[PDB]
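What follows is one chain in structure tokens, specifically the form deposited in one PDB entry.
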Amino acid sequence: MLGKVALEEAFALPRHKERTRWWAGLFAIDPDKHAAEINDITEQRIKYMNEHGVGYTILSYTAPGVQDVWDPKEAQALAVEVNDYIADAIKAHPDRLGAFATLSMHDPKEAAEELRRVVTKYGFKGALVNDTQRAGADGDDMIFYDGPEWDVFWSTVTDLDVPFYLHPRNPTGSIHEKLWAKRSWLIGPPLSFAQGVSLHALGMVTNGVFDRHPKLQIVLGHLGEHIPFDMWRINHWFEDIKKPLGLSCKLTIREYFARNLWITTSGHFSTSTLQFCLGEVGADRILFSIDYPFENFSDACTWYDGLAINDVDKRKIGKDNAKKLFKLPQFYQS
């Protein structure tokens, strides 16, 4: 399939040589290759897109990124620097590249203003945030976005009518020490990533974010970070036990997955899991994505192009869902 759209696609700031090499060494068997590709915006990245039937990618800042920065002024300065950098870096290829906003999430009003700045000025397509904001004087705390103090931010997101991609981050601080340090091969894609995002997303559900902000679109990578596996079980326990005991969110978990939540295929090129999600989530709410350069184009795209599924859903998941959700202009081979 030509003209696919992918949107969990990372870049790094070239000056961050040590940080990029550190993350590369934890996520890639060839870390110098990883570094070259996460730094490149317009050369190898577009050659891969041309080679593998990808018309358009929406770029986002690497994890942990700004969500690792616990000093609010340093975090804000890095978010601004990243946003200005990537807007300029993609300027030559508006037919191939868009960007998501990078945000410091220490303060709701500040994040709202920066999101508004770069969506309005640069035409960014939404925001991508690496789960909770690392915080505290020494980086031991974390900020979730499901409390009412974030209403001023979520109302900006819905006023702009752009999605928010809730990406994972590595575990840090006392949580890292107590749960993960002694089984550290589970940090990242094997388990820790999905546990963080699913906690936060279901926090958004059960703490009323989607009730207060019913137009809000939240995107989850990796086929939904475990959640569809338990769609039956979560729904049974919410509807039959937790709501009788006081849970007051207005809709069912299935209704939130129909109206507010999306899942992507990033890093999860599983035909069997995708077929399962056709039932539990539905092709209208599933988006192709790669997770480049943590994943390579060939793996994602040979898998997707090879899917022996119906042509309507293959087109929707491959590009047409994203074209409508992100209001995309005509892009290469759209």
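The term rigid core refers to the maximal set of C-alpha atoms that superpose within 1.5 Å between the two forms. Quick note: we count residues from 1 along the sequence shown, nothing fancier.
Between 162-170 and 72-80, the higher mean Cα B-factor belongs to 72-80.
Averaged over CA atoms, B-factors in the entry run higher in 26-34 than in the other of 26-34 and 269-277. Which of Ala300, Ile286, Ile46, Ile58 has the largest Cα B-factor in the deposited entry comes down to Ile46. In this structure the maximum Cα B-factor among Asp230, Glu239, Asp88, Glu225 is found at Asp88.
In the PDB entry, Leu245 places in the highest third of its chain by CA B-factor. Remark: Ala63 belongs to the lowest third of its chain, ranked by C-alpha B-factor as recorded. Among all modelled residues in this chain, the alpha-carbon of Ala308 has a temperature factor (C-alpha) in the middle third. For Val152, the recorded CA temperature factor ranks within the highest third of the chain's modelled residues. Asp140: CA B factor in the highest third of modelled residues in this chain (values from the PDB entry).
Below, we refer to the form deposited in another entry, which is not included among the displayed structures.
Of the residues checked (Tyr165, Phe124, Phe210, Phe193), the rigid-core alignment between the shown form and the other one shows a Cα shift of at least 2 Å for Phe193 alone. Relative to the superposed core, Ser184 undergoes a Cα shift of 2 Å or more between the shown form and the other one. Taking 2 Å as the criterion, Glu18 counts as shifted between the shown form and the other one: its C-alpha moves by at least this amount when the rigid core is aligned. Relative to the superposed rigid core, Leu251 undergoes a CA displacement smaller than 2 Å between the shown form and the other one. The distance between the CA atoms of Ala77 and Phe193 is at least 3 Å longer in the other form than in the form shown here. Note on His226 and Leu179: their C-alpha atoms are more widely spaced in the other form, a change of at least 3 Å from this conformation.
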